[PDB]
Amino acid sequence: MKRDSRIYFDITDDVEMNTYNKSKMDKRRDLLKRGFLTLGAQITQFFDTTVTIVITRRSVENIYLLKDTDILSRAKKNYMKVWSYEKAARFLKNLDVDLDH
C-alpha cells in the first residue's frame, strides 16, 4: 500500500541566470507548490528520509557526479522520485489541475 506524499523542493541550483530569471523560477516553484498542496501533498521544509519526492531545478541525469551528502544522491539511494519542474507541471496537468487559474 502507498504512503503519505511528502515533497521537498531542492533549493540548490546547478545553473546560472540573471535576477529576473531567478524570480521567474521562484514563481514557478511557488506556483507548483500551490498545485501540490491542493492535491493534498505535504510540502516539507527540510529534506530527510521521509520525503517521497524531490522536485529539483538541477540536472537529474548527472546525479552520479554529486557528493554522497547531496540530497539528490540521497534521494536516489532511497528510491525516492526526483522530478524537474517540467515533469512536475506535467504531473499536475495530467491530473486535471488548473495551473493558469
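In case it trips you up, residue 1 is the first one in the sequence shown, and so on.
On average the C-alpha atoms of 84-92 have higher B-factors than those of the other stretch, with 84-92 and 9-17 being the two compared.
Taking the PDB entry as given, 35-43 carries the higher mean Cα B factor of the two stretches 35-43 and 50-58. When the CA B factors of the chain's modelled residues are split into thirds, the value for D30 lands in the highest one.
Among the modelled residues of the chain, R74 sits in the lowest third by CA temperature factor in this PDB entry.
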